[PDB]
Amino acid sequence: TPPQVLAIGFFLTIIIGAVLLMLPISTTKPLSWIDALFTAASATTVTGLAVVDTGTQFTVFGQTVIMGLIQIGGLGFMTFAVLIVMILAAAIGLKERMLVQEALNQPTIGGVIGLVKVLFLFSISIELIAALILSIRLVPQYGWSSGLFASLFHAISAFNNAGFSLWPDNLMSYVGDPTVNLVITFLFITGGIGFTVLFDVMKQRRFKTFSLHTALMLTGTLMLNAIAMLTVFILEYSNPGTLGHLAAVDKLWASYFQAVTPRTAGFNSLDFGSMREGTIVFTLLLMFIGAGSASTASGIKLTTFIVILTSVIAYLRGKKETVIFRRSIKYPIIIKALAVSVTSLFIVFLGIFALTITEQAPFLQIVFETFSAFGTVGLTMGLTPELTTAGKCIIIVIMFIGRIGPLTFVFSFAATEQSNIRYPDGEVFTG
Amino acid sequence: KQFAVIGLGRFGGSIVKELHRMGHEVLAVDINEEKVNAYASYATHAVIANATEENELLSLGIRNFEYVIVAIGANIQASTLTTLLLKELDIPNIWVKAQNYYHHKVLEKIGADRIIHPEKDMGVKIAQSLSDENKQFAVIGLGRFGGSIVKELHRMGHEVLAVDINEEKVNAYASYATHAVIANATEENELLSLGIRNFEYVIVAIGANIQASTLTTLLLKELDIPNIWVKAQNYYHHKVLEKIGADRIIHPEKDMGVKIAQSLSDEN
Amino acid sequence: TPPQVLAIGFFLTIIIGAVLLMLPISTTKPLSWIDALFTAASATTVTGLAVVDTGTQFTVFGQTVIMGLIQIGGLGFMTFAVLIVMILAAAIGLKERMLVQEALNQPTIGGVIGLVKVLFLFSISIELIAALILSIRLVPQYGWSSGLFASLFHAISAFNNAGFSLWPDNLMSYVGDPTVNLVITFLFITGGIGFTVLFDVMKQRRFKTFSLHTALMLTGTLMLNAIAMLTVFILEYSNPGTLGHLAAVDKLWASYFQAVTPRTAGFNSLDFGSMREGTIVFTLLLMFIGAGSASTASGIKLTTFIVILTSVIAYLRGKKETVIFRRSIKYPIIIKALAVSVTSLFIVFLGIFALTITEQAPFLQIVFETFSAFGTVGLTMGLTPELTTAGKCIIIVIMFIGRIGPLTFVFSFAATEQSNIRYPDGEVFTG
Amino acid sequence: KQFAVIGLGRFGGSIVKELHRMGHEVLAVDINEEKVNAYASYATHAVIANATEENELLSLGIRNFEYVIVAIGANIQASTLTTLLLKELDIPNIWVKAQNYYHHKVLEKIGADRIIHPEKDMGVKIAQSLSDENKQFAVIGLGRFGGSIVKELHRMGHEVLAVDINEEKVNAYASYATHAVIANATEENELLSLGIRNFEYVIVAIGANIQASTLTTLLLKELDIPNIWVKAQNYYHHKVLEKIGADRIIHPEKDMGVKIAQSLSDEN
Amino acid sequence: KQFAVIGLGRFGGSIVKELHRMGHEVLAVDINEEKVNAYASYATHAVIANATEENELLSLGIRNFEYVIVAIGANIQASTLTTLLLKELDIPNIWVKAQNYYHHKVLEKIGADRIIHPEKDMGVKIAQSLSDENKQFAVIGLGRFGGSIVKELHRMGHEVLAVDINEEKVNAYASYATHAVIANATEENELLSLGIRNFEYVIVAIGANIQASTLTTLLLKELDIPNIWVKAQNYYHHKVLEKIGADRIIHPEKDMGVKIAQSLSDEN
Amino acid sequence: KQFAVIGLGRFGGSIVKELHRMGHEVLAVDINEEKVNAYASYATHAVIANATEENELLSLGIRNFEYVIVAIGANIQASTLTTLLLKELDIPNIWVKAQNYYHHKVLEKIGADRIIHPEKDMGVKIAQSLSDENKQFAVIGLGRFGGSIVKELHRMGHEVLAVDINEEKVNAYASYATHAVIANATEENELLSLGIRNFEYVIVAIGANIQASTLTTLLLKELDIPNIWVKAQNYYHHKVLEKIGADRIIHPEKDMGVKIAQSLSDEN
């Protein structure tokens, strides 16, 4: 069924792939049974964590199989299951049309087969032209054996919001590189915004004719980034460790990128293990709230935040209803928003709790790791490599649960119950 | 000895019919004649008159009657003014049929020697019949009757699965029953989901819309409900409900009159 | 007006009292201008924090004025303003009846003058009999000059959930004292449960006839405590620092009390500065959610939690409505619950952020301090004394905002706006 | 000196508004608060309470009021029981708003020091305004108001062309007017054929269906009717009827209250 | 040259009246005679017949008419079957009055040489009158007419403050107007809060409940609205709305017929 | 071979259920999904669509179906336009459910290969069942069904005591039955006075008000009527009527579908 399928199905691409890389061909140094079912699950979830380094540990075989897993979930689990029935066969009833309506967040089922072609085709479209053309501009340095691949490997990870970098220095080497900061940011940003805002702006193209949702994203997306670059720049300005000593121009490529990478991007322009405690904080929240619905990965999509927050902002005033852009928000959207909200938190809390005891590590890093793990953010304060075994199995579940969304995930093993009889009023205070 | 009933409604008619049966003089009398006609051989004296007019009360030697019964429903003022005039003729014991709560109060300050709530007072009696009849109790339709049973049974200390169509009533009866539920007795899934099958005694007190009263009992009989008691409205309701399988039918207005006709008889 | 009055009014009892103790009579050692407007605000908020020690720094004058401030807010700000008009005058219109309906969380105004007598009178009732009688049983040791006071000072603080202990060892001296753990716990527990559950069980006294709210409290209250004693006992069992080495019976007096004190109690049976990282975690959440509505202090009353959480538990299933104890919960309660929920968090986050930079302190303690500060919990990982000035003013606001409740506090400076015109539907995804 | 009005209906509201205007203390009070709110600055004391509860009447020191006004419409029992409780507190002068005839009688045997019929009592006054205003009289709509004018004017000895939509009323007013006619004021040919043009004073008393009241006055203004007097229902009815050409608009409930508010004032 | 209009509704009547005015032969004809009577001197030939019967279409030499107009409202089948029969007699140009969208389609596959939507087609014309009349535009009531103006004006590129009582319509017109608002034009605070005062052109297209149409225009005229255009229903609505201050009144059915009566005339 | 039924009404639903039973492919499809859901396992293919849209008819490969059934009741235009679109795709045999007489005509000029009148066509069949079932015939309720029996039986040459509540129908059936009578089947004296006891076959065809249908059959069973045949409305009507003593119950819409489902099957 629609939910379960995406639950146990997406679960297999991780297992099968956890052996596609644990193979003696893609692994130079011995890949422990633990650090194999992990790194293979981080790429498929487009999370940005890994027990073992990337560009090194893995050969050309362990770096190619990672781009295939970072693509599978980069559009959803059912975004690739309906694309193998039209290019090889054709025609699909209302039986499979209800599956992609759950893998791209769609309120309609009567029409999700025909789009299947466009999505993936459009995927490898902006992934190639922006990688092998614009990303191979300043990367041909390492030659053609490492300049051709390294420029294509990061796009399938940049646009998909993955965080899997080739060289050990997760992009940290390109601190103020104009091409990098400009090329890759455009990849995970748009790739990050819901497929709606992606498709919307296309045929709509009007400065006004943008639906509530679509119109929302653009505003919140950009707007927020402004508060993000301002935060990182004000706190990590004097920080001698990172950005603090960079020039005048190089300080913007760090604040900007670092204020845009927490969006489940997974790239490091600097190092989070050497930044003011305050900065790291704002991030936990900035990485908690993903970016976009249909997006390409996230724990709690931006939209959810806006709603929940703004909706509350209305209560403190009086508006009997939560109205946005003079186009009121129906009641349902509220309860679901709340649900998805408390869920992410309730879980992330279960992790930060089940890890502080599992491994003797700092507290700030134990919390930063959890939020990032559930939101497939990629940024790690340097605890991913030193993750014990006990804390791995559970952590593998975090990224698993986070990427799969707390809602569409809970609907699987949830015996839907239908109440037909109402009950008496229940008074209760909470002020 | 001297008996006279004013207002030949369903209640006032069930008293002139019962008292005459026992063998007691009954000065039946209603406003119009439509009823007074059918009760020409059901009472010692059938009279057509209006209880609000003085000369009509006097000319009828109503003063010789120690027991006056004002059963005129609807127009409360008719019920009141009458009892009011009655209390002026120094009528020994005036028994009146009140409609709502306030009718009780006002009629009480006038001098009403007794007030009866056909729907209310009956429910308590039934709530006594269901208790001495044996565990699982459930009353559908929280009308005046169905409400006087969930209130009485809960009083005695018996589980009562109260339930009405809307919530307006179900709310005021949240602490008047073991379980207050808002539902429609015509829907199957609602009857099932409420584990209504475990109830040996189901009470359909939903007034008005007879079909609601019927269909329900109809559904109830399908779940093999041991003993289903239903509140019938008119004569035909009795018949139809009888062919459905109704284990018991009650006429609040009718059945009450006979009881009162027994209270007035043993009262002298 | 009802809201504002409790806002700027309760604000004065702190200022006025901040000088009632900064006086040369109640202060032995010089009381800095900073560490004076603080400790005086912590007692009035019944929070449990203090820049300077209690029993020491303050004389018999600085320890008595603290009981008066811990009492004022122990029942609310308007719980003492309507009691000075009936014992001295009498008769009160519908003008003052709308004020105590906001200081004890009441949905009714037509009747809050007559109760005023009962509440306070009933207060000093269980406060005396349970202090000067049951608490002076095993405390007459220090004589009568310190046995009579020390046994009366902690009750006005115990029943009111204050955390202000006399001796430097915040009750830490009575680790397994049967009289202490039994006497004081009963004080802040009941005193903690909403006045409703207090008044309810009184005239109702029936095992069933307890309203939704009242019925809720008892269940959640006890039930939760079980999960609390179990948690603290499982984590701090082997911990050599605290509880870990205590005997067999002394280990229960610690797990129990420590699993009951986070309820904005403020008492230490052990030390939080030496416990497994995991334990401290569960606490931040256990102290975040107060305990009861009308209560006597808390950031987010227990009720709010239940609702919000359980309400979500229904969504994941199907029940078109949130029904509790077969007595469904109306829609309103939901939105308000959410509001009060996100508010506490949104704020506590602002603090944890505005402190990590203000003072160079650990992260775990910076988060534990905030949660406790906004919920007037009393438990401090030992950072309260070492609180700088910059982080004080703001911290004073935290406790201020937390105790005053995020709702009844925001309604003050909130220009209530009334929308009369509706708007078009606004579609938006969040899954 | 002590004034208190119970029930803030249209009538009870037009008295708390007028008395406060004159400068007299008015203890306004209605069952709910919806009305009590809008009258917070229209009376000496705005109170939300139910006149049937004793403790509420006492706690409100209602005993100090020599003039109590029960204007609670609808639920007659509310009007009665109240006056009933009032008479118990030995209230000097209790003035009550009766609904129908029987309400008059019953309220009279309770002890009501005075009963007012907004619709009825007003018609007689208007029937006095139309008389001293000059010959040709005609009243449309035989409601309670329109009926109290055809009855009064005929009494004085003035020609009254009574006429209502149906015949039910037109029948009982066959000897209560110079000419009883059954017709619909919205039809032109019916207005013409009735020589309505010869009437200098037309009275549109048709209640309910406002459009009936309006359209009529509308047609009337077309026949150049000298002075058209119409019975408006709500505020807007006043405005609209004013832009049509209505020579005069009357608010039975409203205009009456102000008169009573004058009777209670000059009464002490 | 040969003109014949079937169905003397408001529309079909405004064409037989207009064409006869110009001086063109009009074979007016409706199902009953009630209308056919009042149009005995409003058409070259008044005939009483049913357009669904063949012998009646033949006997009326309808075949000689190059322009047939089916204006029979209500019963769509009557409108259809007629055009159906008409197309069989090889009628050169058959113009029909469609009701809903589907009527348009079906009538289009039958052979209807032309279909007219009185309400719809008129709105677009007015949307053209308000445009060439000058900035601030707002249309109240999103009926068929009021909906065809918010759709047209937005098309042209003019700000349109669309607004209807409920939301059902306001929703579908969220992207068909500068501002879609859900409100009731009778409430003051709702008109004010919507800054309706800044609009020089207000359009009251709320059909049905005339009072809704009136009261609104009434409130509008109070805010000193420069030019208020309202959709009247019947004749009297015209008059009343005219005495209120309506800067303009439109009769979708009526005003349209005259235009068509001009299209059929200049068509030959 | 290829079967498809549009409109899952009571009729269109009794065909998708019957054909699937026999073992024939049925492309069931209705406008909404409410019905299409309950018929997901009652047809070869359950589809949710609107028969008026072209792309929906094409995309559903409806062209491959030789037998299309338009059972969409109510909105006749829906029934028409559909058949209209169907005839365009050159559908071999299109069977449609007509509502009234004119629907028959119009649907006949469109190209409808077959038109069915559930109520009408059924009565004639029953009129054949009652005939071959044996003298005294009487049909109560002259609805469409009850009217198609008094018309058919009289045709065959059998006495038919036609009778309906009002006279409107009883008038048009004065020469369509042995005896046309105006009466109410719920009144006893009316059943007796009509010597209804002599009739061995009573037919209660009174639709709507189910109670009318019931009570009647109830009274009938009391007069010991040999064989009482009644027209049930819904499922429960079946049950209740079955416990009353109804010798036979007929579902015009339901029972007809099964017959048609037999005509389409034996048709190839």
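For the reader, a short list of remarks on this structure follows.
In this document, chain identifiers A, B, C, D, E and F correspond to the written order of the chains, with residue numbering beginning at 1 in each.
As a working rule, a residue touches a chain if its C-beta (ideal position, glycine included) is under 8 Å from a C-beta of that chain, and two chains touch if they have at least 3 such contacts.
Here A-E and C-E are compared, and the pair linked by more C-beta contacts is C-E.
Interface equivalence for B-D, evaluated over B-F, D-E or E-F, points to E-F, where over half of the contact pairs coincide by residue number.
Look at where the CA atoms of chain A average out and do the same for chain C: the two points lie 39 Å apart. Mean C-alpha position of chain A lies 69 Å from that of chain B. As a whole-number value, the distance joining the C-alpha centres of chain C and chain D reads 60 Å.
For chain B, the set of residues touching two or more other chains reads 174, 180. Counting only residues that touch two or more partner chains, chain C has 326-327, 422-425. Within the complex formed with chain A, the residues of chain E that make contact are 174-175, 179-180.
Of all the residues in chain B, the ones that touch chain F in their complex are 210-211, 214-215, 218, 236, 239-240, 243-245. The residues of chain C lying in touch with chain A in their complex are 105-107, 194, 196, 211-213, 216, 235, 276-278, 281-282, 285, 293-294, 301, 303-304, 307-309, 311-312, 315-321, 323-330, 333-343, 346, 349, 352-353, 356-357, 362-364, 366-367, 405, 407-408, 410-411, 414-419, 422-431.
Across the complex, chain C meets chain E through its residues 420-425. The touching residues of chain D, when paired with chain B in their complex, are 52, 75-78, 80-81, 84, 88, 100, 102-103, 105-106, 109.
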